[PDB]
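Written out below as C-alpha cells is the structure these notes cover.
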Amino acid sequence: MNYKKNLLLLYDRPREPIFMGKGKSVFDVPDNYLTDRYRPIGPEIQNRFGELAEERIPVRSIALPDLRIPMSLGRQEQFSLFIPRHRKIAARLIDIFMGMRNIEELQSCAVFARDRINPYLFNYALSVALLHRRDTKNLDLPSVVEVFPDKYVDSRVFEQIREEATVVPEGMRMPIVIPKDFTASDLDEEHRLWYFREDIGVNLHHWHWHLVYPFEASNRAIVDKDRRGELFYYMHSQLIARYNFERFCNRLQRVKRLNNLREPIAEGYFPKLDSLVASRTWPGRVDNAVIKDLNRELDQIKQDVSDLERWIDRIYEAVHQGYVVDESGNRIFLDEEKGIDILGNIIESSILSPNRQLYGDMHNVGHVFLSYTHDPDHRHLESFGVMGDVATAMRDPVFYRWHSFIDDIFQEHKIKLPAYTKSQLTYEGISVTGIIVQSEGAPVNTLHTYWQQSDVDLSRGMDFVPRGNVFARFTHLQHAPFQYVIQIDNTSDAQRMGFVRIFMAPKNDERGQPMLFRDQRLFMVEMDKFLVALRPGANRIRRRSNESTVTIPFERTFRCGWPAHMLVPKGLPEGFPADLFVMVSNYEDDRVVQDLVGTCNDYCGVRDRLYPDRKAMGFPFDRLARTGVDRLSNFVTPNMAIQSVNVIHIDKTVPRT
Amino acid sequence: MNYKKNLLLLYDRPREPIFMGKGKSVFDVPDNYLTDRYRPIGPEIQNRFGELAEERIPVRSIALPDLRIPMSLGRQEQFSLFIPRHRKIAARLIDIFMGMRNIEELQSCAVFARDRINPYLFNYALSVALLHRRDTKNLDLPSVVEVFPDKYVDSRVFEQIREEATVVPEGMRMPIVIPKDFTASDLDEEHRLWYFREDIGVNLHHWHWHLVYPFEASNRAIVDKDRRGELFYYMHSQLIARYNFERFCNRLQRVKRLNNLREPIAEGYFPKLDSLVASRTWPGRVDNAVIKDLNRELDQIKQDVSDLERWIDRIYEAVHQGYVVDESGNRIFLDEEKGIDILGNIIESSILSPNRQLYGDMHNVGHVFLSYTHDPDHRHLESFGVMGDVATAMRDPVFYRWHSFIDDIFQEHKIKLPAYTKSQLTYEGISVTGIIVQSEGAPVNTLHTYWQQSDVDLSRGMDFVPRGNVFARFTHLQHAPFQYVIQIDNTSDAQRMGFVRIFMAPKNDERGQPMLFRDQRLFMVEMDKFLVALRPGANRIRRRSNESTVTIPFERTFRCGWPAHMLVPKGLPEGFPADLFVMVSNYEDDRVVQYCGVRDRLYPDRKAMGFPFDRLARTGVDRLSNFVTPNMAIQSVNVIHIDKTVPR
Ligand SMILES: [Cu+2]
Ligand SMILES: [Cu+2]
Ligand SMILES: [Cu+2]
Ligand SMILES: [Cu+2]
C-alpha cells in the first residue's frame, strides 16, 4: 500500500521536524504529536509548511507505549551500538516498532517518536524493525550516506554545500567534489590506504552487515541466524586479507596485530568528520596514545584493561583446551563443525555466547577502549572517536590491528583442526586443466585498476538547506570488467554437479620470494563461488566479474555485500604478481537442501534460514596443509588449477558511464 | 491444465493395472512399461479395452531413477509410517516424485511406478507430493475411504458388493448398509464408543492431520510448520477430552492411562478389517495381552520395552528439571512460550526434536509395541494390528490409554507454568453478560443428538468388480443445527477487537456436585474460536454451529478438520448436564501479524492452545464459577440424545 512508501519519508531530512514536509508530501500531525518546544505555536506551523505539498498524509492518534527509555539518549548526542547503555535503549525502541500491531500504527508511533529521540538511533531502530517485520518486506531502504552524509564526508564540504544551495539557482548548481586522501599527508605511510579505509562502499558494507546480523535484541529479532558466528569470523577475516593485499600494493608490510594493550598505539588517526546531529566533531587519536581504564558513568561503562586481558587469557585457554564451559558448568567441544561458530559468538560477544559472563564481550569492549583514549573518565565531556561506531570504525588504521589480533585467536583454533586429506578435496573424475582471465583491450591474465568519479545525491540528508539537488563527486578505485575462462574435464559418463570456488592471493611475499602455503593460505581473498553443471567430456566455463557472489552491483550500494569496484586489489603501475586459484568441489557433499527466494535481499541474498554451503567458510585454505605440502603448486589436486595473474594500476580518472 | 486431472485417475482402482482404464479415460502405456508378468502378453492386453474409451492419455518414455528402494516393500504387504523401514522407503519415493520438476514427467514416472510398488505406499507418496508441490496446488485429492475402503469397513460387506455388482444390473442396485457396533457385544462396555472410535469422520481427520504435519520427511521445510509440536500436543489432547466426554455419556468413567507397560492390557480389540491389498486381515489383540520386546528383523525394529521406559524416565526428568539438552550438550529451557512446542517434538520424535538420540521416539515406538503383542519376533509371519497404522489407530480402545498417558506427561509441564493472573485474562472495558444456544423446535440451552445414515460411492476403490455405482450406507452420530447468542458490553468509547473462545465441559462429578476447576479444566473441549468487532455500548453476537473453526463441512469428509457431525457429544436420553463457557480476549495481544482460509502460514493466535484452561488456577480460584472474569460467561446446557435414524 502507500503506507510502505510513507515510512520512507521519515528517512528524509532527519533533523528537520516531521511537520516540515518530506519529498512531495507532508504529514498532518496531531497537536499532541508536536514537541513541547513547538506545540505552543502549533497553529502557526502546520499552516506555514502546508504549502507546496501535493499530498497530505493523515496520522491517527494512539496512546503509544512509554518512550522514556528511547528518549533517555540526548538529541545532540552520538549513538553507538558498542556502548552497553545504547544497546538497551535501542532494544527498547526496536521492541516498540517490532511490536507495532498495524502498518497504520507503525507509521503513527514513528511520526510521534521521530522528533523526540536521537536521529542516529531512530534511523537504526526503524531500519531493523522494517527489515525484520513480516509486512514491510522487499522495501528499498535509503542509503545511510544520503540520510547521514556527516559520517562519510570531510566536514569542509558542508559550508560549500550551504553556500552553493543558497547562492546559485537549481539546475545551475556545480557538483561538489568530495576530498580524497585528506586525513593524512605522505609523512604518514598509512595515508596510502585511503581508497580502502575511507571508501564509501566498504564502510556501507560493514554498517549493513551489522544491521542484518546484530549480536543483541531477541533470537526471533534476528540474532540467531545460521552460522552467524562463523560469518563474523570469516567476513572480518576477509577484510584483513583484502587490507593486507592492498598494503602490499602500496609498498607496505602486512598489518601488525595489537600484541598487547599496555604498549602504545603508534598510528594515530584524525578522521576529519563533523557530526551535524551532535553539532560537534569526532575526536582524533594522537600518535602513541595508550589504552586507559574506562569510567564513563553516563554511558554505563566501568571496565578496566585487566578485565579485557582476563577475557583474552581465558579465551586462549579454552581454544587450547579444545572446549568451553557454559553458565551451568558443562563442557561444549570446539569440534570441526561448530567450533568456529561458537568461538565467533564468544569473541564478538553475541547473546548466543554459551557463557558471556566468563569469556566476556572481548571484540566490542576493545572498540570502546580504543575510541576513548582521549577521555576515559569523561572529565573532558568528550564523545568517542571513530572506532566507537561501526559506521566509521574501518576508517581508523587501528581497526585492522585490533581485528588482526582477533583473527590470530581464531587461527589458534583452526590450526588444531586436522588437515584436509588428499581424498577430502579430490573430485573423482573431474580435472581442471586451466583458468585464465580476459579484459577487453588488454593481454590475457592481466587485470587493470584506476580511479573513477561517481555522483551521489546527498539532498535528503542536508537539513535546513535550501531544497533542490546536491550532487557530490566521489573518487574511488575501479577495475576494468573481466571474465574467467575455466577448462574442466568430466571423464565420468554422467552429468557432474560442482561448486566453483575462486580465490586470489599474492604470488610472492614482501621480500620477493615465492610464498609458502602456511603464509599464503591466510592471504587468499575469495573472488567467486557458484554452482555449475558439467557435461561428460570437456566443458568450457565462462564467468563474468560482475556475476561474483562476493560482490553487490553499483546500483545497490549508492543508486550489504562487498562493493563491486573494490573486487580487485589495486596492484602497482609496474604490475603486481598474483596467483589466481580455482577449485571444483563435489556439490553433492557441499549441497544444502533448501527453498530460496534469491532476489536482491541485500549477491543472491541468503536471508533464508540456512547458509548455502556445508563446507567451512574459506574452505580450501581455512586449515593447515596435509603432510608433504609446502606451497600452493603442490597443495593442488586435479580438480584445482593455479594461474599467474598480473595486476596493473593506472593513475587516471575515468568517468562513470 | 489436463495433467492435474490425469494424476487423479491414478487414485482410481489402486490394484487394477494402470492399462485397464480409469473413469472415462485410458493410458497409452508403452510396451516396455508393462510389468514382467504382463509384458510378454502386451499385444492381447493393450487392445482388450483399446476401443471403449473416450480419451486416450499418451505417456512419454523417460529415464526413471532406480526404483529398487521403493519396490523393496512387497505389493501384498501392509504399509505404516510408524515402522522405521517404511519411513525410509516412502521418504525416498516422495523424493523421486518431488524431484521430477515437470508436471508431465511426474505423470510419466507415476504411471510406470504405480503397478510396481505397494498401493498404500503409492497413495501416500503421491498424496504428499501433490499437496506440497507448487504446480499441483489446490488439487482436490479423492477421499482415502473411496480408494481404500478396506481400512474403514467391516470385511463382510466386500462379498456382498461383489455379489450385488455381478448379479444385479446398474440402476437397480440396492445401497449396501455398513454394519455399526460390530466389533464387540454388550459384555464389553467399550463397545458403546463405536460411534466415535469407528466413525469414518474422525479416522479421516486423524489420517489427514498426519499428512499435513509429518514428523519425518526429506527436507526439514515441510516438517517444520509453525508450532507443530504444540499442535501435536493439543490436537491429540482434544481427542481424549472429547473421548472422555463421550465416555461420560455412556455411563463409563474417564479413560485410564497406561501407567506402566509391564502390566497387562485389559481391553482387547478385534477390528474386523480385511486388507484387500495384503489379502489378509489385520490381527486382533486378546484380553490381557502383555507388551513384549520387538525383534522384527525384516521391518528393521530392534527395541526392548526397557528402551521405551528409559526414554520416558528421561523425558519426565527433563520436564521436572525444566530444560532439555541438545546433541551438542547445550541446554534449552522449557519456558512459557516454546516449552510445550519443544516437548511435543521430543515426545513422539519429530526430526525437530533437539536430541532424538537421548529422548527417543517415544509416542511412535509405543504404537508399534502395542500393535505387535501377538507376534513380536516375527516367528508367526504376521503383520501389525490396527494400532500400527495412523489410518486405523483410533479404532482400538488402547489408543486412548496410550494417548492418555502421553498427555499426563505434557500436563506435568503445564502445571509448572505460572497461573494466569486476574490481569492477564481480563479485558478492561469488555463484559460478557450471557451466552445461550437455540435449536429449531427445542427449548433454549438444549442440544439434541441422534443417528443419521449417509451415502458414499466406494466404486473407485472396488478393484476387479463390475463397473457401475456402489453406494454404502454409513450410520453416524449427528446433532440438530444450533446457534450461540452472546451479550457483550463495550463501555470504552471505541471499537474493540476481541477473540471469542468457546469451550464446553461436563457440569458435575460422580457425586452430583459442581466439578472443581483442577478436574474440569482438562475436560473442556473447544467448540469455536473467531474474531469479532464490538461497537461501543451493547453488542448481540450470533454464531451458527456450522461456522465453527474447529470443524469442517460434511462435503469435505464424504463428498484437516474435525467432522461436523461429531461437534456435539452424544449426551443421554434423560439429558446430560454441561457447562458452556465463552471468553472474549483482547485480540490486539492475541493477533499475529503475517477450515480457516488457505493453510500454509503460521498459527493465527499468540495465546497457548487451549489457552483459558491450559494452566493451573490462580490462588483463591476453586471452580469455574469463581475462575470467571467479567469478559467471560458460563451457561448450563443440557445434551439430549434420541435413538432414532433421521434422513439428510
Ligand atoms: Cu564489524
Ligand atoms: Cu569490529
Ligand atoms: Cu496421531
Ligand atoms: Cu498416536
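Residues are referred to by chain and number: the chain letter is A, B, ... according to the order shown in the C-alpha cells, the number counts from 1 in that chain, and ligands are numbered separately from 1 in the order shown.
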Mind running chain A against chain B at 10 Å and telling me each contacting residue's nearest atom pair with the distance in Å (one decimal), counting only C-alpha atoms, chain and number ascending, as CSV?
residue,atom,partner,partner_atom,distance
A:99,CA,B:593,CA,9.4
A:100,CA,B:593,CA,9.3
A:101,CA,B:593,CA,7.0
A:102,CA,B:593,CA,7.8
A:103,CA,B:593,CA,9.8
A:133,CA,B:593,CA,8.7
A:134,CA,B:594,CA,5.7
A:135,CA,B:594,CA,6.6
A:325,CA,B:330,CA,9.9
A:326,CA,B:330,CA,7.8
A:327,CA,B:331,CA,9.9
A:328,CA,B:331,CA,8.6
A:330,CA,B:329,CA,7.8
A:331,CA,B:329,CA,7.5
A:332,CA,B:329,CA,6.2
A:333,CA,B:328,CA,8.1
A:338,CA,B:328,CA,9.1
A:354,CA,B:330,CA,8.0
A:592,CA,B:219,CA,9.9
A:593,CA,B:219,CA,6.6
A:594,CA,B:219,CA,7.4
A:595,CA,B:221,CA,8.0
### Selection within 10 Å of ligand 2 by only C-alpha atoms and all ligand atoms, output as number ranges by chain
A: 82, 206, 210, 232, 236, 348, 363-367, 387-390, 393-394, 399-400, 402-403, 406
### Query
In Å, how far is it from atom CA of residue 97 of chain B to atom CA of residue 534 of chain A?
24.2 Å
### Task
Step one, run DSSP on the backbone; step two, keep only residues of segment 410-468 of chain A assigned to strand (DSSP E or B); then write them as a ChimeraX atom specification.
/A:431-438,446-457
Expected file contents, prior selection, C-alpha atoms, as an mmCIF file, in the first residue's frame:
data_model
loop_
_atom_site.group_PDB
_atom_site.id
_atom_site.type_symbol
_atom_site.label_atom_id
_atom_site.label_comp_id
_atom_site.auth_asym_id
_atom_site.auth_seq_id
_atom_site.Cartn_x
_atom_site.Cartn_y
_atom_site.Cartn_z
ATOM 1 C CA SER A 431 40.024 -32.321 -13.652
ATOM 2 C CA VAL A 432 40.583 -28.563 -14.074
ATOM 3 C CA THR A 433 43.276 -28.098 -16.730
ATOM 4 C CA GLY A 434 43.439 -24.284 -16.777
ATOM 5 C CA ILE A 435 41.889 -20.944 -15.785
ATOM 6 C CA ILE A 436 42.527 -17.557 -17.460
ATOM 7 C CA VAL A 437 41.106 -14.003 -17.297
ATOM 8 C CA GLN A 438 40.360 -11.655 -20.228
ATOM 9 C CA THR A 446 46.008 -9.237 -16.730
ATOM 10 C CA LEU A 447 43.745 -7.104 -14.510
ATOM 11 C CA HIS A 448 43.690 -3.279 -14.632
ATOM 12 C CA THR A 449 42.640 -0.719 -11.977
ATOM 13 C CA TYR A 450 42.246 3.081 -11.839
ATOM 14 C CA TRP A 451 40.319 5.958 -10.203
ATOM 15 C CA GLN A 452 36.711 6.835 -11.122
ATOM 16 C CA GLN A 453 34.424 9.709 -10.079
ATOM 17 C CA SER A 454 30.787 8.857 -9.284
ATOM 18 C CA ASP A 455 27.876 11.105 -8.246
ATOM 19 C CA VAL A 456 25.502 10.812 -5.259
ATOM 20 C CA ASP A 457 22.511 12.964 -4.283
#
### Query
Per DSSP on the backbone, what are the alpha helix (DSSP H) residues of segment 261-493 of chain B, as JSON, numbers by chain?
{"B": [305, 306, 307, 308, 309, 310, 311, 312, 313, 314, 315, 316, 317, 318, 319, 320, 321, 339, 340, 341, 342, 343, 344, 345, 346, 356, 357, 358, 359, 362, 363, 364, 365, 366, 367, 368, 369, 370, 371, 398, 399, 400, 401, 402, 403, 404, 405, 406, 407, 408, 409, 410, 411, 412, 413, 414]}
#### Entry: Residues near segment 358-365 of chain B, cut-off 6 Å, only C-alpha atoms, skip fewer than 5 positions along chain, as a PyMOL selection string
chain B and resi 82+311+347-349
Excluding residue 217 of chain A and any residue of its chain fewer than 2 positions from it, enumerate the residues within 12 Å of it, using only C-alpha atoms, and give them as a PDB file with C-alpha atoms, in the first residue's frame.
ATOM      1  CA  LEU A  81      25.771   0.016  19.362  1.00  0.00           C
ATOM      2  CA  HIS A  86      22.745   2.431  23.952  1.00  0.00           C
ATOM      3  CA  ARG A  87      22.178  -1.296  23.283  1.00  0.00           C
ATOM      4  CA  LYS A  88      19.469  -1.360  25.986  1.00  0.00           C
ATOM      5  CA  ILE A  89      17.857   1.828  24.599  1.00  0.00           C
ATOM      6  CA  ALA A  90      17.781   0.537  21.008  1.00  0.00           C
ATOM      7  CA  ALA A  91      16.365  -2.853  22.101  1.00  0.00           C
ATOM      8  CA  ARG A  92      13.594  -0.948  23.908  1.00  0.00           C
ATOM      9  CA  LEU A  93      12.767   1.151  20.844  1.00  0.00           C
ATOM     10  CA  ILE A  94      13.138  -1.726  18.367  1.00  0.00           C
ATOM     11  CA  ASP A  95      10.667  -3.532  20.656  1.00  0.00           C
ATOM     12  CA  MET A  98       8.866  -4.563  16.192  1.00  0.00           C
ATOM     13  CA  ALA A 125      15.747   1.297  15.290  1.00  0.00           C
ATOM     14  CA  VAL A 128      15.929  -3.097  11.698  1.00  0.00           C
ATOM     15  CA  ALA A 129      12.190  -3.056  12.554  1.00  0.00           C
ATOM     16  CA  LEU A 211      22.309  -4.435  10.614  1.00  0.00           C
ATOM     17  CA  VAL A 212      21.275  -7.884   9.348  1.00  0.00           C
ATOM     18  CA  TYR A 213      23.397  -9.828  11.881  1.00  0.00           C
ATOM     19  CA  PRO A 214      23.096  -7.940  15.228  1.00  0.00           C
ATOM     20  CA  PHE A 215      24.514  -9.564  18.373  1.00  0.00           C
ATOM     21  CA  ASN A 219      16.674 -14.508  18.786  1.00  0.00           C
ATOM     22  CA  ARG A 220      13.474 -14.071  16.750  1.00  0.00           C
ATOM     23  CA  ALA A 221      14.575 -10.438  16.294  1.00  0.00           C
ATOM     24  CA  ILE A 222      17.355 -11.643  14.042  1.00  0.00           C
ATOM     25  CA  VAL A 223      20.148 -12.600  16.429  1.00  0.00           C
ATOM     26  CA  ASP A 224      20.116 -16.356  15.768  1.00  0.00           C
ATOM     27  CA  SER A 350      26.624 -12.243  20.918  1.00  0.00           C
ATOM     28  CA  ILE A 351      23.831 -13.285  23.301  1.00  0.00           C
ATOM     29  CA  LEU A 352      24.454 -16.662  21.614  1.00  0.00           C
TER      30      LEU A 352
END
### Task
Using only C-alpha atoms and all ligand atoms, find each residue with an atom at most 10 Å away from ligand 4 and format the answer as a ChimeraX atom specification.
/B:82,206,210,232,236,348,363-367,387-390,393-394,399-400,402-403,406
Same residues, C-alpha atoms, output as a compact mmCIF listing (two decimals), in the first residue's frame:
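So the final result, stored in selection24.txt, reads:
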# COMPACT_ATOMS: atom_id res chain seq x y z
CA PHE B 82 5.42 -45.81 12.26
CA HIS B 206 -6.54 -38.20 12.15
CA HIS B 210 -0.59 -36.58 9.96
CA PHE B 232 0.62 -32.44 18.18
CA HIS B 236 -4.31 -35.34 20.45
CA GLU B 348 6.72 -38.91 19.53
CA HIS B 363 4.99 -41.99 21.07
CA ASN B 364 5.64 -43.75 17.74
CA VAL B 365 7.52 -46.74 19.20
CA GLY B 366 4.61 -47.20 21.63
CA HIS B 367 2.21 -47.59 18.67
CA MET B 387 -2.59 -49.52 16.37
CA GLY B 388 0.33 -49.78 13.91
CA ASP B 389 -1.41 -47.60 11.26
CA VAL B 390 -2.44 -43.94 11.75
CA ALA B 393 -5.18 -46.48 15.22
CA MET B 394 -8.17 -44.66 16.74
CA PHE B 399 -5.16 -45.78 21.66
CA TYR B 400 -6.85 -43.56 24.25
CA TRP B 402 -1.58 -44.71 25.43
CA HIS B 403 -2.52 -41.18 24.31
CA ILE B 406 1.33 -39.20 26.85
### 8 Å contact set for segment 27-34 of chain B, only C-alpha atoms, chain neighbours under 6 positions out, as a ChimeraX atom specification
/B:18-19,21,42,46,56-59,61,111-112
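The two atoms in question, atom CA of residue 550 of chain A and atom CA of residue 567 of chain A, are spaced 8.2 Å apart.
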### Task
Find the spatial neighbours of segment 509-517 of chain B, counting only C-alpha atoms, within a cut-off of 10 Å - ignore same-chain residues fewer than 3 positions away - and output them as number ranges by chain.
B: 248, 253, 505-506, 520-523, 579, 613, 616-617, 621-627
### Surrounding residues of segment 150-161 of chain A excluding itself and chain neighbours under 2 positions, 8 Å, only C-alpha atoms, as a list in words
residues 145, 148, 163, 164, 165, 176, 178, 179, 182, 198, 200, 272, 273, 274, 275, 276, 391, 392 and 470 of chain A
### Query
What is the atom CA of residue 128 of chain B-atom CA of residue 213 of chain B distance in Å, reported with one decimal?
10.4 Å
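Shortest separation to ligand 1 among A:166, A:85, A:30, A:239 occurs at residue A:239, atoms counted being only C-alpha atoms and all ligand atoms.
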